[PDB]
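Before any questions on how it binds or moves, here is one chain, the form deposited in one PDB entry, in structure tokens.
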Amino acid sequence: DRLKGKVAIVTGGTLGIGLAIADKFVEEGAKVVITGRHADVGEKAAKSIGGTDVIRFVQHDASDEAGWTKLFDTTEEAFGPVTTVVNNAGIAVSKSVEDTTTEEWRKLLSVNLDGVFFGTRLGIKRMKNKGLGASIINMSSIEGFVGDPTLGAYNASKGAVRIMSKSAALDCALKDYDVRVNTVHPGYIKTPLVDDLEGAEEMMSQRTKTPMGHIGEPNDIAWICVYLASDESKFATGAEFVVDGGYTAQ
């Protein structure tokens, strides 16, 4: 089991990429707490993967600062000390910078930027200096590397996550905290939410977008996250792991 003994929090773990991360983490021997905003969805998601000896759902909005210390406490009471934090919760807004309202701006940043900050900051405090082989995996995207004219606030959030993560990685390395911090950058990934938007997959699959001529699937992101959570990646910190069908290569 590649994640033997690991205890992971996966935010936004009830859907899509986060759900697949949680699934493969359990498959590789980790104990997992998945979070999400909606109880019915989250309860169903946890049970689809396993029983409560390996996976539990906690209702939590990643933008909710006070709930973060309670999420660590709940996870530790269930499974023992947290070793792995996957800051995956996020939302998107389909607006250019020009057309973004301040309400849209602040709401998106509250989840995509503050949530990652809260999970990274608290993960460092709670995991440092414990010999855990701890790993913080911050979900950026291709929109952390390149602009999209229709994703202005999303681009801001993903660029922030990209570079903030390097700061955290360096501090943890320099202080011998035994915590690594890295970013994962999905390209387009097929999910029910993509399926719900008529024409989206076909636009994303055009060769001028994704050179492979199709989009990915959630397990494509789960497998790079297994590598980064595992001790196999003990010399990887401060780096960016791109799984995008070639999007950023052209």
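Numbers for residues come from their place in the sequence shown, where the first is 1.
- Between the stretches 63 to 71 and 181 to 189, it is 63 to 71 that shows the larger average CA temperature factor.
- If you average the C-alpha B-factors over 54 to 62 and over 191 to 199, the higher value belongs to 191 to 199.
- Looking only at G119, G144, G131, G152, the residue with the top Cα B factor in the deposited structure is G131.
- For the set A92, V97, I137, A160, the PDB entry assigns the largest Cα B-factor to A92.
- Per-chain ranking of the deposited C-alpha B factor places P211 in the lowest third.
- Among all modelled residues in this chain, the alpha-carbon of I224 has a temperature factor (C-alpha) in the middle third.
- When the modelled residues of the chain are ordered by their C-alpha B factor, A249 lands in the lowest third.
- Looking at the C-alpha B-factors along this chain, the one for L15 belongs to the highest third.
- Remark: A169 belongs to the lowest third of its chain, ranked by C-alpha B-factor as recorded.
FYI, the form deposited with a small molecule bound isn't displayed, but the following is about it.
- Candidate site formed by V111, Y154 and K158: every one of these residues places a non-hydrogen atom within 4.5 angstroms of the small molecule in the entry with it bound.
- Of the candidate stretches 175 to 183, 98 to 106, 138 to 146, 75 to 83, only 138 to 146 has residues whose heavy atoms lie within 4.5 Å of the small molecule in the entry with it bound.
- Using a 4.5 Å cutoff between non-hydrogen atoms, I9 does not count as a contact of the small molecule in the entry with it bound.
- In the entry with it bound, at least one heavy atom of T14 sits within 4.5 Å of the small molecule.
- In the entry with it bound, no heavy atom of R56 sits within 4.5 Å of the small molecule.
- The shortest heavy atom separation between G199 and the small molecule in the entry with it bound exceeds 4.5 Å.
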